[PDB]
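Analysis of the macromolecular model
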Amino acid sequence: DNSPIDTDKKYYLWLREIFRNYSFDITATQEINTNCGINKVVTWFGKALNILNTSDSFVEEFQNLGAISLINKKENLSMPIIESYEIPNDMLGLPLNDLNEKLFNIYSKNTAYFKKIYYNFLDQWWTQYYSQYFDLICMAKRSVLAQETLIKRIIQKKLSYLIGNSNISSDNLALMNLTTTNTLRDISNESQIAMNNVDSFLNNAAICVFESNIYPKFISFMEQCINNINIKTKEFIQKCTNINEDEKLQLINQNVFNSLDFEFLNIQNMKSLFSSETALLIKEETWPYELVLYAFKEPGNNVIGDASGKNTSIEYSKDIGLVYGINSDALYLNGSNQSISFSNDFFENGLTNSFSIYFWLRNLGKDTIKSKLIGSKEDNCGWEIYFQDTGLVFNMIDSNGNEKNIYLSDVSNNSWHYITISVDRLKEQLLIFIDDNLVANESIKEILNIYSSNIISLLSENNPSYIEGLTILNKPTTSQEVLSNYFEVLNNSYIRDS
Amino acid sequence: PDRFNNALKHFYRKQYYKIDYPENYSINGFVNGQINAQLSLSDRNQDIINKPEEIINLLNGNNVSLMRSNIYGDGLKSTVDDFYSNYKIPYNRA
Amino acid sequence: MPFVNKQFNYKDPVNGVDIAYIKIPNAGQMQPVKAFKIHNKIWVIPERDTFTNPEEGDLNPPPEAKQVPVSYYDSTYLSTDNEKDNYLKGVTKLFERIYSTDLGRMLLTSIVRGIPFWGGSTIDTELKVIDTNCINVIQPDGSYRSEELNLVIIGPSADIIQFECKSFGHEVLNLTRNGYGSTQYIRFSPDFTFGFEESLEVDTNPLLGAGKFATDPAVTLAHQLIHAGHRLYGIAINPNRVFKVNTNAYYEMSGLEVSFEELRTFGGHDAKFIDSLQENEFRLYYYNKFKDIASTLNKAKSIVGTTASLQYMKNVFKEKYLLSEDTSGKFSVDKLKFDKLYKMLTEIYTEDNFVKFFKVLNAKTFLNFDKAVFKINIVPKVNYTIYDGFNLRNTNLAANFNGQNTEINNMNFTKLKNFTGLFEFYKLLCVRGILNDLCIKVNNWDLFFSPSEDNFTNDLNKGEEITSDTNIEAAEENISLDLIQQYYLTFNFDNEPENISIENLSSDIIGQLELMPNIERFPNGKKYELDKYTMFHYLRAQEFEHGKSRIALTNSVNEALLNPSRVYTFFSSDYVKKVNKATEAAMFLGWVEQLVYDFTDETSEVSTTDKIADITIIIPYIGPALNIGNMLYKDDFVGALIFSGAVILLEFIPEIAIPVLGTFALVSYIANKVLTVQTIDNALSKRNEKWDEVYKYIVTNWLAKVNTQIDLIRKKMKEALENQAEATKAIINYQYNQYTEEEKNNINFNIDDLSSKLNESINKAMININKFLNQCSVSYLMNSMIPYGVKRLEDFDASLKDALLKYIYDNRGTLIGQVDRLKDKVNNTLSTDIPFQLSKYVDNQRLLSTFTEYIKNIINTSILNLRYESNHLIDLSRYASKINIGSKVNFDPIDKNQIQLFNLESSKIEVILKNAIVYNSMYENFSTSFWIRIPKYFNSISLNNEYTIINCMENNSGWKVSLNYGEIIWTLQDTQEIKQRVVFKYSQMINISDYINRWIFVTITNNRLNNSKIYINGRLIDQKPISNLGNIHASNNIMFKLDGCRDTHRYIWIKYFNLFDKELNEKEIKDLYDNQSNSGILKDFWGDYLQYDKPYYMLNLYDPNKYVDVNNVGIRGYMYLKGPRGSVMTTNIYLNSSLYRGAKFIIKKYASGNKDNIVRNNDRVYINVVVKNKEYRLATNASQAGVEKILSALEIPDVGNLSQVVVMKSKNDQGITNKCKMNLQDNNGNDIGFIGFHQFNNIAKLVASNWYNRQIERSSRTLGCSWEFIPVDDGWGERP
Amino acid sequence: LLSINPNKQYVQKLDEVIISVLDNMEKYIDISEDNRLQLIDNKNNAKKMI
Ligand SMILES: [Ca+2]
Ligand SMILES: [Zn+2]
């Protein structure tokens, strides 16, 4: 019922809420207790595919009925045809030592045979059962794409319309267009999280079906099998002519099978099936690192680079020096002519993306005067960290002029400090940590579009300093992660001075 | 693709993208890798032949058709017939 | 070094010195009592105090009950010479317990030198003692001697548990508030204590006992000694300064009396109830009092009524008040010295801090009211000791404060009858015709503390004048154990004031006690008419009276309140239907199991929300449990919280009143540049303070008005949870008693075991509830309170900016050349915000302390923690079980926690478990973890032979760990011989094993309602259902030994064995796995510490089938990866890739700063290469073209300037954890890169390449720079 | 801080160390019988601390 969208500000407020809500809907999961453990369930799965959808809740109905309730063909198993068990009639009169070591051979053949049977059951599981969960995975993934498409079309129509007829300034439209593009990427990244969710959920389910449904049929088949074998082997040993009664009892005992001889279930192996080279490559290509700064000294050369595996380009003064920091070589910026710059399309930010910045910094603190250290700014938007007074200032400003300007006290003591900054658009929360403490926790609901350049510039004007382990992430950081980063890096076996 | 990668026709409807050498693709592979490569959709996507393995007809109580949906086969040959029932797991290893 | 150096016995005859009949000051005639001087200036009179105040001399209960929550009256108590002898000994023991702590040692010394000032003189040239500060000590010869004293401990008055400081007054002077001080009489008893409820510690102590806990009497005495300390130094806060509360509303207390003095004494959060403005007022008040005492001393020219010298006396008081004395002898008070002293007396000596020292359970706030009274005896050491109090070291009593749990420790605590009646003081809350009125009485101390707004005063709206001089108050740092240590190490323990000869006072010493203000008894049974069921109703509806009838749970609050047999539950209707059903005997146990599961399930429920900032989790059942907010579904509660924030939890919305802040006015200095610039800087400094002041203020209003509401809600949720357990138990117990003797006989049903299980479930639930409620309270601070402060602060910054700029411009003449730089300073400073950091204003919120609690939680769940320390293998758990070590047990000399058990009767280890921890239960969950290394099975005799290694079986019931060919096995057995086994299988026909002869991490967890689970290297392997198992009763001991193994040469390695009292989850198991892997030391292939001077065969993790070889020795030759490895076998037993094929590496010390032959992470080393049994040096010439530097093996003398030094790195690996890295460096410190390999033609040559150093850590699983070092080991043993 | 090893530059966890002071000559740290630390003349007597 609202008045139509006219300002660019109104478009942003709209687009952001469109994005947050989409994220909340699509990434929804609930952890449940199952036969085989705790599984992280995709909440919308039933409403998407019409599966266990006749309830008012798919989640509780799935907790009730179990993993096998999601697929249409429940009993596909075929007990395999075996090779029946006969002990040769030529061993009936053998002497102990030879009888003994010949049954040892039969023992191994048997336990190997058990393993074969299990394999056969695993193959049937894959072919008959997993095939159906993979169908569910694909359809669920298609559902996510279908939904994503609906969203993007909704966004595209609104943008297309404002551009079509509205008084919004030409170059404001321009920014809107660039910014929306970044938001559409943010929406794919969110879609991707959801498609990973359905993969874990459904893979776990399929594995639970093997433990709960297939495996026990195997165990049934195997105790019938070793019960038989046990019989034939006892009957055989009694019929042995050339050994005595004390020998028979020790022999029957040596050769008897029990359930443990065939309990092959290894749940970690079940899980490791789905870790392929591809699954790994995808992890490394899609992880949160947008920048990971490394540095080291080659003979006659200082090396600086980015390990994120992203598109980051690095440009830096030729004479920048390196010095051992906390865990590695640190960059020395003299404050006068030296600068370094990192280029990634992600760095421009936008309306809807989240990110974290962290690094170690030691500043030989002199002046109180406000000076650029590091930031990304264009057309007076984006973020900057300044040296000021004895501390830092974190500045954040949007295209409408709304600002965060936050003083972090006492950071230039000429001691190393671990700076962590976290920007979370889903929770609308800014978090700033110094070392192991949380120095600022703020709402950023009032900050809208921070689109900046694709370049982050490390200047360190007027304040010679050391910078180490600079990192940019496309996700927010929690307090547990900060503590873990901080302390893990800190014990490398080195003792430190004040 | 790591799962049933010879059956994908059933699990997936493919949408094709043009690859130009060497602007999209060179001796190092896709420019900007397999994820972020910028490839144009092929105008051929609309020419793709669609022949469903089966069609799911969803009617209402009055026996009239609400929707007709397509399921596609994997392309592979079938049966015939059941392998697991008639396969004997070898006891002797040679 | 004891405080009381004589051990008195009450029947000891009077000596006239430390044992005498004495007269204390009194209004009229007083009958002499027998007293004991336990220390200089400190006496004990073991008598019920009817003498102090002849007015109240009768020990009977009063006509009208006192308005306290707990009281006890026995007139005969302490009428016997035996009870007197026990009082004396108990009090003495408590003094000793206090003294044995750093904090207590100071306090006791402070009290002794705290001699009451000599203010008796009406002529200021003379110094005289004040009479009521003395006693008369009657000698054997009938004469009395007058003697001055600081402290007397006397027995309680009619109310046995009411303890207080009493002292005598002066016609005019207030001796407790004027800094003079007065002799302190404390009514105390060591023969009773209070019970209380505690839900908070479950975070760190998940096993915390059920029901009431007992206050450690040492805390109680210390509390009074602190008051005494204030009163002796004349700094006590006026008793008419009280924290007023709002009593008018139906949910508010009818009344509560608590004083600023008490708040000050409690410490912790209670003391933060007093705002800065007032805390300042006091400090200044007593500082001036101190200054007055200085001027009284300065004008005193002679002494009277003693043989001691004015010199000595003036010095006594110089040392009491910390006076500064100039060259002339004049006294003054240094604000610095005083601040330090007043701080120690009021912020260091606090109940809160004593608790930190005693390590006992204690109420965190006075708002956690004593619920009960208990008879105790602390004199016997088997009961209570000086060091441990009730929680006795090396026993069950040392864990989870069990020593103070009244039910677990029940022999030490006897429940008396609270003289304060049932609903003695209450309010009456009535819902209206939801059929006529249903009214319930609510205990006064079950209602809400709502502080009056006139409690928080601030000057925030008062402006200031900034000045060239104006200067900055310091940070005012929080109190911490290390600050206390600062005071401690600077404290002077040498000089106690002498006990001087003083002129004899009159036979009777005339005086009366200081008058206490008369307090209005608050109103009783106020009635309230309400339209809606309240929280108090919802909670009351959860209660029942015991009886023979069967109760049923209902989801209708109305029903429950109307019928004695109906108890309200917030559990699902499914739970209701199930718990109510009449259950056949044959299904009874399975029924109970289901109920216990459902209970645990519903109370453990946690919904996570990703929508909002400060609240991560929500416990949804709080809504229907307390009727929080309103409406129906718990989905409404989750919804309303997400939407409206934490405010929906509050009973009342607190007023936070923050005014327009007082602006700054700057004094101008004409033509003075330096002064003008200082004034500008000062205004900016004071601005930073304005921010800190406003933040302190809000934090203070939040602790009092909000965090107290949440603390109540929390206490009530535990009450709710306990009620639900009682109800469910009562219904189950009714069902059992319906059975025939024969039916019962076939059902082993232990209600105490079931109770124990439900109490653990309630604890898990409270852990979550606690976290949820903490986040809620804090969220309300961050979001609903702080922002009002930040708005007032930004408006202040704006005004100051305008003022400061105006000041700069008006002064542009003086300030010329500096005008621009000053504008910038002002505009830049005042355009920032100073962020609120909660960790700055309160103790519990630091980030690290969250991780700290998690570590505590796992350590406090360890009932056996078996480590090698000093020279012995012992139990590091608080139970301190005994360990018996066989003669043939072998300990690895390099790491002595590595234990080798051979197959011999003598090679064994036996743990004798304390009874409290021997497992006997149907329902109790438990876990075990340990590392083991199992030699390859070489011989067919090992086939189908299962042998035990860790045994906890007793008469075929218990658990055990056993091994077999390629198996690790866990067995569970109940007393009916029903068993469950769960196994980890590993093959010996494998190229290279993650397991065979390698250290493995084993974890087994047992959930009696569900499953038995086995983990390997942190990962879940197999699980089996155990819920069909009945009672399991395990062994009184644990036997580590090889039992039944037919391989005579067999043995095992084992280390780091633990037993836990819960079911470990996936997270805890992984963290355990990681923590114990010792990531700071490099490992060899087998899992042992990597070592110097030990030859190793090499393996590259990228291509395990390859081994290292040397083409040619020398600089023109190279090393490469060769293959295939070939195989080793014994038919039917093992088939493996040969591990001993290759060239051997030896790691030599280069930079090593000690001699222990262990290779630590980041050690700088040389690597030697063994080729045809000769040693060479691993080196390269890094000058060769290309980034991959080809490694060579060189003559050790010929290495010259080549790159040799190698930096050793230790990395984490999955299912191995053996990853080793080597970073090669030249002699200038430069990096030549990690050692790895590269293809040259078809040869794979060992290379140092900086391409590795450009890579992130774990990339794929396939590195090329990750290595394994394989030493020859008896457990593998092929032919080299 | 001094190390038994001339080549050792940086101090690490578990290193063995000799503490020295410059007053007039170089004085090295020893432990007395009262467990009170004192500066002495002779590097040989110096106690090696972890
Ligand atoms: Ca009732
Ligand atoms: Zn008190």
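The name recorded for chain C in the PDB entry is BoNT/A, from Clostridium botulinum.

Chain A goes by NTNH in the PDB entry, where it is assigned to Clostridium botulinum.

This part covers the overall build of chain C. Tallying secondary structure elements over chain C gives 25 helices and 58 strands in all. Taken along its principal axes, the extent of the C-alpha atoms in chain C is 110 × 100 × 75 Å. Looking at chain C residue by residue over its 1280 residues, the buried ones come to 59%. A total accessible area of about 52,200 Å² is found for chain C, and carbon and sulfur atoms account for 48% of it. Separation between the mean location of the 141 positive side-chain charges and that of the 152 negative ones in chain C comes to 6 Å.

Another point: the coordination of the calcium ion (ligand 1). Residues and elements named next belong to chain C. All of the protein donors around the calcium ion (ligand 1) are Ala 560 (O), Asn 563 (O) and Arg 566 (O); their distances to the metal are 2.3 to 2.4 Å. Donor residues for the calcium ion (ligand 1) sit on one chain with the sequence pattern A-x2-N-x2-R. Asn 563 sits in the partly exposed class, given a relative accessible area of 35%. Using a relative accessible area of 26% as the deciding quantity, one classes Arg 566 as partly exposed.

In this section: the nonpolar core. Within the largest apolar cluster, 254 residues are counted, with the highest numbers of intra-cluster contacts made by C:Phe95, C:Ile153, C:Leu225, C:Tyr349, C:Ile769 and C:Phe772. Setting aside anything within four residues of it in sequence, one finds C:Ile769 in contact with C:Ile619, C:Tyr621, C:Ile622, C:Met717 and C:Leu721. The next biggest cluster of nonpolar side chains, apart from the first, holds 181 residues, and it includes A:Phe58, A:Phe218, A:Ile243 and C:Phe1001.

Residues and elements named next belong to chain C. Volume-wise, the largest cavity comes out at about 140 Å³. Along the wall of the largest cavity there are 14 residues; nearest its centre are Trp 931, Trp 999, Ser 1077, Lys 1083 and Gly 1087. Per-class residue counts for the lining of the largest cavity are five nonpolar, six polar and three charged. A domain split of the lining of the largest cavity shows at least three residues from each of domain 3 (845–1077) and domain 4 (1091–1280).

Contacts between the two partners involve 54 residues from chain C, matched on the other side by 65 residues from chain A. In total, chain C and chain A occlude about 4,900 Å² of area from one another, counting both sides; carbon and sulfur atoms represent 48% of this. Three residues, C:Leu847, C:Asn944 and C:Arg1254, lead the burial of chain C against chain A; their summed loss comes to 14% of the area buried on that side. Taken together, the links from chain C to chain A amount to one salt bridge. The salt bridge involving A:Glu263 is made with C:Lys1024; its shortest N-O contact spans 3.1 Å. The tally of links from chain C across to chain A stands at 23 residue pairs in polar contact. Elements that contribute at least two residues to the side of chain C that touches chain A include exactly helix 14 (588–604), helix 22 (819–829), strand 36 (967–973), strand 37 (979–985), strand 40 (1019–1025) and strand 56 (1231–1240) of chain C. For the side of chain C that touches chain A, the element with the highest residue contribution is strand 40 of chain C, accounting for six residues.

Next up on the list: helix 21 (residues 786–810) of chain C. All names here are of chain C. Between its terminal C-alpha atoms helix 21 stretches 36 Å, which fits the 36 Å expected from 25 residues at 1.5 Å a residue. Listed as buried for helix 21 are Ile 786, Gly 789, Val 790, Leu 793, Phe 796, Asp 797, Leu 800, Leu 804, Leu 805, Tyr 807 and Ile 808. Contacts from the buried residues of helix 21 go to strand 25 (664–666), helix 17 (673–705), helix 20 (751–784) and helix 22.

Quick look at the coordination of the zinc ion (ligand 2) now. Residues and elements named next belong to chain C. Bound to the zinc ion (ligand 2) are the protein donor atoms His 223 (NE2), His 227 (NE2), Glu 262 (OE) and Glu 262 (OE), situated 2.0 to 2.1 Å from the metal. The site at the zinc ion (ligand 2) holds four donor atoms, and with the angles between them running 64 to 141 degrees, its shape is irregular. Mapped onto the sequence, the donors of the zinc ion (ligand 2) take the spacing H-x3-H-x34-E. Of this pair, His 227 sits in helix 3 (residues 217–233) while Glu 262 sits in helix 4 (residues 260–266), and the two are 35 residues apart along the sequence. For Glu 262, a relative accessible area of 21% translates into the label partly exposed.

Within this model, the second largest pocket holds a volume of roughly 1,200 Å³. Considering the residues around the second largest pocket, the lining is formed by 47 residues, among which A:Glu428, A:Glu442, A:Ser443, A:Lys445 and C:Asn783 are closest to the centre. Counting only elements with at least two residues in the lining of the second largest pocket, the list comes to helix 1 (8–26), strand 13 (403–408) and strand 16 (437–443) of chain A together with helix 16 (634–644), helix 17, helix 20 and helix 21 of chain C. In the lining of the second largest pocket, the residues fall into 21 nonpolar, 12 polar and 14 charged.

The protein chains that touch form four pairs of chains, and the pair with the most contacts between them is chains A and C. There is a gap between chain B and chain C: no contact, and a shortest C-alpha distance of 14 Å.

Moving on, we get to the pairing of strand 3 (residues 54–59) of chain B. All names here are of chain B. Relative to strand 4 (residues 65–71), strand 3 runs antiparallel, the two sharing six bridges. Across the sheet, residue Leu 59 finds its bridge partner in strand 4, namely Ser 65. The turn joining strand 3 and strand 4, which pair antiparallel and follow one another in sequence, is formed by five residues; a positive phi near 70 degrees is taken by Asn 63.

Moving on: unusual backbone geometry. For residues other than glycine, phi is negative in most cases, and the peptide bonds are mostly trans. A cis amide bond links B:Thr79 to the next residue, B:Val80, at an omega of -5 degrees. The residue B:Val80 is located in the loop between strand 4 and helix 3 (83–86) in this model. Here A:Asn349, not a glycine, exhibits a phi torsion of approximately 60 degrees, which is positive. Mapping A:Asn349 onto the fold places it in the loop between strand 8 (340–343) and strand 9 (355–363). Take A:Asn349: its relative accessible area is 2%, and that puts it in the buried class. One non-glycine residue with positive phi stands out, namely B:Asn32, at about 70 degrees. When you line up the elements, B:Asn32 lands in the loop between strand 2 (29–30) and helix 2 (33–36). A relative accessible area of 40% means that B:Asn32 is categorised as partly exposed.

Using the criterion set out here, one finds two disulfides over all chains in the structure. A sulfur-sulfur separation of 2.0 Å characterises the disulfide bridge that pairs A:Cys36 with A:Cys208. Because the sign of the S-S torsion sets the handedness, a value of about 80 degrees for the bond joining A:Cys36 and A:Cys208 places this disulfide among the right-handed ones. With A:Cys36 in the loop between strand 1 (29–33) and strand 2 (38–42) and A:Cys208 in helix 5 (residues 170–238), this pair connects stretches of sequence that are 172 residues apart. Given a relative accessible area of 14%, A:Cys36 falls into the buried group. Using a relative accessible area of 6% as the deciding quantity, one classes A:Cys208 as buried. With its sulfur 2.0 Å from that of its partner, C:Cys430 forms a disulfide with C:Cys439.

Cut-off values and rules
Residues numbered from 1 in each chain as written, not as in the entry; some residues may be left out. Chains lettered and ligands numbered in written order. Part of a larger assembly, values for the part shown. Heavy atoms only, no water. Helix = DSSP H or I, 4+ residues; strand = E, 2+ residues; numbered from the N terminus. Buried < 20%, exposed > 50% of the residue type's maximum accessible area, 1.4 Å probe, protein only. Areas by Shrake-Rupley, 256 points an atom, 1.4 Å probe, with all protein chains shown as cover. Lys, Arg positive; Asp, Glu negative; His and termini not counted. Charge placed at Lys NZ, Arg CZ, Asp CG, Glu CD. Donors = N, O, S within 2.8 Å, 3.2 Å for Na, K, Ca; no water. Core = buried A, V, L, I, M, F, W, Y, C linked by side-chain atoms within 4.5 Å. Contact = heavy atoms within 4.5 Å. 1 Å grid on protein atoms, 1.4 Å probe; cavity = no way out; pocket = protein on both sides within 12 Å on 5 of 7 lines; lining within 4 Å. Points joined across faces, edges and corners; volume = space filled by probe spheres on them. Nonpolar A, V, L, I, M, F, W, Y, C, P; charged D, E, K, R; others polar. Domains from an automatic or database assignment. Buried area = accessible area lost by both parts, 1.4 Å probe. Salt bridge = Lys/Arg side-chain N within 4 Å of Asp/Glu carboxyl O. Polar contact = N/O pair within 3.5 Å; in protein donor to acceptor, adjacent residues only side chain to side chain. Expected span 1.5 Å × (residues − 1). Tetrahedral: all angles 85-135°; square planar, octahedral: opposite > 155°, others 65-115°. Pairing = 2+ DSSP bridges. Disulfide = S-S within 2.5 Å.

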